[PDB]
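Below: one structure, written as structure tokens.
Number of protein chains: 4
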Amino acid sequence: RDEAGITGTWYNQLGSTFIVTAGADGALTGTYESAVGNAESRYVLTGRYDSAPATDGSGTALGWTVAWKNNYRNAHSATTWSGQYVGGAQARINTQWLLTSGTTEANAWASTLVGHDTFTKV
Amino acid sequence: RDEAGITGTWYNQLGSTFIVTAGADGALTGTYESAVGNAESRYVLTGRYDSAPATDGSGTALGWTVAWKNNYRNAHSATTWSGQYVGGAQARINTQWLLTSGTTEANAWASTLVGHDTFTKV
Amino acid sequence: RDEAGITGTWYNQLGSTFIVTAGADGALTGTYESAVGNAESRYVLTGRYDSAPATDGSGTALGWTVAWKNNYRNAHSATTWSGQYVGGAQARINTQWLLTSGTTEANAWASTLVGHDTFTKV
Amino acid sequence: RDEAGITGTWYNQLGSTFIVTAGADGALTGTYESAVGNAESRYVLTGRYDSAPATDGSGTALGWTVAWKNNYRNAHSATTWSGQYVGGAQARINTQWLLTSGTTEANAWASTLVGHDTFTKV
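Sequences listed follow chains A, B, C and D, in order. When you number the first sequence by the entry's author numbering, it's gap-free, plus one each residue, and the end is 133. When you number the second sequence by the entry's author numbering, it's gap-free, plus one each residue, and the end is 133. When you number the third sequence by the entry's author numbering, it's gap-free, plus one each residue, and the end is 133. When you number the fourth sequence by the entry's author numbering, it's gap-free, plus one each residue, and the end is 133.
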């Protein structure tokens, strides 16, 4: 498994900081601090990962969610990242994400941003 | 808040079953059973929701993750749903999702499915 | 082929109107009028479709683009729809879309909306 | 406008080749050759771009479609790229894409890949 490879502090191309602990069972728990958007300080995250990945050089599937409410701000929105962990000297988490805002029904067509983040250990 | 509105059993257009408990703090915990794909029985889910939504008729942002490993099967993949809860007589969770498979680096361009699920209480 | 099935006037769940002509070669040409957003009147569209689909009951893959500039307005943005045509008594075009705005580099993480539209002939 | 900046040969991170001509009106026409997937040689593309972008340093919105049928192969699928052109010494087209396959109704939940391509002139 990749419990030890995933656990730790990761940084994306925006300068955001993802701090995660991987459990033996498949759990991801930690904190996220965004460098951009309607965000300040750390937010709770939770998610899941494949604790028994293929042994054929494939990556390890995982995902997590942040709801953008903490003691400081409430951005009435949530992001989910879906992606894979790729181990080795330049380990990476390669993700795509969906950021949904709470909207009225009239604006719901415009509720959801999509993007991609790559996380490294440096 | 929508802790009471979200907590419970939901069903999507595929006939899948999402069983969730919403915590007062923003946590989502439960199980997912897919009617389709490389899946059997229930899988753990975790996620987050906005526990203090806007009071202007907007929906409530939330998201969750399933890693597709349980005691029966391992599909080496994870889905994340990002969406909003809309309360009332015909409550709904309207989502978009990202399903990432673990892949080799050569196949990583094709790692991620996108789609949309609408969940109802009936 | 589905040249005759695709050609014509389609309407989505938002009340927008998609008017398309399918060419024998795979071309899609027409106009789009959005019921929502920073849009008024008709905009040019172009796209492509599979002119020789599988004969196994599969749908017919297609896509198209609108840039949201016409004589009336310029929303500095473009949407692409990717989807499939499914023929028969209740024909449908089932799509997902990506709406990209021109942004500064600082805001580029938030450039792109994602959603889904279903088009019918009625 | 960016007619002159967009027109030409572009290459993505996969080694695919996008050859486009931008018209004064907003048209994109050209050919695409994928380095990956069920593809060989060149395929027709068409699309649109914002011919009068904001003058505030924002990028220029555009999109295009390929249906994956040519004289050599038919992959019964279409990709749409949605993105923005950013000019200057290291010009780039930054995109996200949706690749839809024709599917049966039973498999339609799994019809659509999502990803991201960055195109450069070198």
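We put the CB at the ideal spot given by N, CA and C, even for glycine.
Quiz prompt | Beta-carbon contacts of B/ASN105 that lie in its chain and below 7 Å, excluding the five residues immediately before and after | solution = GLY94, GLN95, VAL97 and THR129
Quiz item: For the 8 Å Cβ check, are there 3 or more pairs between the segment 14 to 21 of chain C and the segment 109 to 120 of chain B?
Solution: no
Quiz item: Hey, quick one: how far does the alpha helix (DSSP H) through B/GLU14 stretch, first residue to last?
Solution: 14 to 17
Exercise. For B/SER93, write down the residues that DSSP places opposite it in a beta bridge.
Key: B/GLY74 and B/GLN107
Quiz item: Excluding the five sequence neighbours on either side, which residues of its own chain have a C-beta within less than 6 Å of the C-beta of A/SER62, listed in chain order?
Solution: Closer than 6 Å at Cβ, skipping near neighbours: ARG12 and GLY37.
Exercise. Could you check which residue in D/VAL47, D/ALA100, D/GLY70 and D/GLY19 has the C-alpha nearest to that of D/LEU110?
Key: Minimum Cα distance to D/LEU110 is reached at D/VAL47.
Quiz item: From which residue to which residue does the beta strand (DSSP E) around C/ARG59 run?
Solution: Run containing C/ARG59: 54 to 60, per the beta strand (DSSP E) assignment.
Exercise. Inspect the beta-carbon positions of A/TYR54 and A/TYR43 and report whether they are closer than 8 Å.
Key: Yes. Within cutoff.
Practice problem: Tell me whether D/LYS80 is buried or exposed, calling it buried when 16 or more other Cβ atoms sit within 10 Å of its Cβ. | Solution: Sixteen is the threshold: when 16 or more other Cβ atoms of the shown chains lie within 10 Å of the Cβ of D/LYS80, as they do, the residue is buried.
Quiz item: With a CB to CB cut of under 7 Å and the five nearest residues on each side skipped, what residues in its chain are close to A/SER45?
Solution: Hits under 7 Å: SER27.
Exercise. List the endpoints of the continuous beta strand (DSSP E) containing C/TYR43.
Key: 38 to 44
Quiz item: Residues of chain B with CB under 9 Å from D/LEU124, in chain order?
Solution: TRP120, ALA121, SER122, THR123, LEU124 and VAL125
Quiz item: Is it right to say B/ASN49 is buried, meaning 16 or more other beta carbons lie within 10 angstroms of its own, or is it exposed?
Solution: With fewer than 16 other Cβ atoms within 10 Å, it is exposed.
Quiz item: Based on the DSSP output, what are the partners of C/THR129 in its beta bridges?
Solution: C/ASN105
Quiz prompt | Which of helix, strand or coil DSSP assigns to A/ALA117 | solution = helix
Practice problem: Quick one: residues in its chain with C-beta nearer than 8 Å to the C-beta of B/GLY126, no 5 flanking neighbours on either side, listed in chain order? | Solution: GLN107, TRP108 and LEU110
Quiz item: What is the residue span of the beta strand (DSSP E) that A/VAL31 lies within?
Solution: 28 to 33
Quiz item: For chain C, is any of its Cβ atoms less than 8 Å away from the one on A/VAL47?
Solution: yes
Practice problem: Using only alpha-carbon positions, find the residue among D/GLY99, D/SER69, D/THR20 and D/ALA33 that is nearest to D/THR57. | Solution: D/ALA33
Self-check item: Pairwise C-alpha distance: D/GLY68 and B/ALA100
Solution: 47 Å
Self-check item: Proximity test, Cβ basis, 8 Å: C/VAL31 and chain D
Solution: no
Quiz item: Applying the criterion that 16 or more other CB atoms from any shown protein chain within 10 Å of the CB defines a buried residue, is D/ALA35 buried or exposed?
Solution: By the neighbour-count definition (other C-beta atoms within 10 Å, threshold 16), D/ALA35 is an exposed residue.
Exercise. Taking a Cβ distance cut-off of 8 Å, strictly less, list which residues of the segment 81 to 109 of chain C are near chain B, in chain order.
Key: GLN107
Quiz item: Run through DSSP, which three-state label would C/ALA50 get?
Solution: coil
Quiz item: What does A/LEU25 reach in chain C if we use C-beta pairs closer than 8 Å?
Solution: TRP120
Practice problem: With 8 Å as the threshold, decide whether the Cβ of D/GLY70 is near any Cβ in chain C. | Solution: Any Cβ of chain C closer than 8 Å to the Cβ of D/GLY70 would place that residue at the interface, and such an atom is present.
Quiz prompt | Straight-line Cα distance separating D/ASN85 from D/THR76 | solution = 15 Å
Quiz prompt | Amino acids of chain C, ordered along the chain, whose beta-carbon sits closer than 8 Å to that of D/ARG59 | solution = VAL55, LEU56, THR57, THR76, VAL77, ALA78 and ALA89
Quiz item: Can a CB atom of chain D be found closer than 8 Å to the CB of residue 171 of chain C?
Solution: There is no way to answer for residue 171 of chain C, as the model of chain C reaches only from 12 to 133.
Practice problem: Report yes or no: is there a C-beta of chain C within less than 8 Å of the C-beta of D/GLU116? | Solution: yes
Quiz prompt | Cβ-based neighbour list, C/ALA72, same chain, cut-off 6 Å, excluding 5 preceding and 5 following | solution = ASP61 and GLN95
Quiz item: Is A/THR66 helix, strand or coil by DSSP?
Solution: coil
Quiz item: Mind checking A/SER52: buried by the 16 CB within 10 Å criterion, or exposed?
Solution: So A/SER52 ends up on the exposed side.
Quiz item: Three-state secondary structure (DSSP) at D/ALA100?
Solution: coil
Exercise. Kindly list, in the order they appear in chain B, the residues whose Cβ is closer than 7 Å to that of A/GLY37.
Key: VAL55, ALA78 and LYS80
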